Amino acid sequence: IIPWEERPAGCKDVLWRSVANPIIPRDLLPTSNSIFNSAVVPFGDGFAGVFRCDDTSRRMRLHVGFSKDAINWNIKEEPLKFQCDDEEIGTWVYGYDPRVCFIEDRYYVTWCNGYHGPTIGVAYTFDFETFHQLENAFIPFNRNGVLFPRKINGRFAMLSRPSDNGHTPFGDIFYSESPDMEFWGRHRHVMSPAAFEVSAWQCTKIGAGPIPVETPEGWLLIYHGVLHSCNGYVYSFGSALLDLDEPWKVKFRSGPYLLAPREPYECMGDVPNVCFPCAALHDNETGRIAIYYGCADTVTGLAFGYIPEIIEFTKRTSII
């Protein structure tokens, strides 16, 4: 049973913000400075997740949380530690940008893990108590690693986003596969930022957000895009539809955003003008989807909509 608020009266938008935003405040932990990625999944008869909680030292750590209702979170004060046989991959430097999904028999966590710069860390859990760390999937510099929630033609699949070691001024989404969660390959380009004249909210760089959502015609991808203004980056998010069998083949890609920084909690904070989607919960029998997104790199917010309406919007407004 997923978090839900009905479409506000008179609202014509395909996605609408929770009137209770933010749902997770910056100061939930005794030394939290900000809490703004919430990689959430159903777990048991409630919910679990891995949260980016930056502390008052501005260190980036991951913490486990649990919730009965997916809105009020009980986040562990101790940062998440990963078990690793290999001491060098198991060395912690930093971590941010978590994503979590269930694949076949267990939950997988990806995050941007420091190993001589940003790359994609990978781990699994059965219980959100012990996490077994796997090889980093890629060589740096890479982030916005997002696994598909089932195998594709008998291989694990992940979207990713080649980066640099700074505030990267570019970014294409890529797709890769693995037979074993250890060795990765068959890299395919998915998409590039759009031209400024076509769709400027996604003209500087783009990156995958929540775990891809399967629909009968393809994968619904919710992804961030950046616009470079004279005064900074503005992060908005939107939707695309990927081919089911070869998800690097993009079928439709929204011209308009789904959501952009509007509210004071999106516009003011540690990084102004940021809506960064990180997770979603959905129900295919009602079409309902709830999208979790970071707000100003400070707090966490929720937005709601219907999958069929998002799909119709993505096709009708498509730039491809």
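The numbering used is simple: start at 1 and walk along the sequence shown.
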### Mean C-alpha B-factor comparison - 18-26 and 5-13, higher one
5-13
### Task
For the higher mean C-alpha B factor in the entry, choose 104-112 or 69-77.
69-77
### Task
Kindly indicate the residue among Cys84, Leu147, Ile120, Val226 with the greatest C-alpha B-factor in the PDB record.
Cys84
### Message
According to the Cα B-factor stored in this entry, which of the following is highest: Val234, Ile173, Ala157, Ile89?
### Response
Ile89
### Message
Sorting by Cα B-factor within the chain, modelled residues only, which third would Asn153 end up in: lowest, middle or highest?
### Response
highest
### Message
Is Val271 in the lowest, middle or highest third of its chain when residues are ranked by C-alpha B-factor?
### Response
middle
### Task
Could you say whether, by C-alpha temperature factor, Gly49 belongs to the lowest, middle or highest third of its chain?
middle
### Query
By its CA B factor, does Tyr96 count among the lowest, middle or highest third of the modelled residues in the chain?
lowest
### Task
Give the position of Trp201 by CA B-factor within its chain, expressed as the lowest, middle or highest third.
lowest
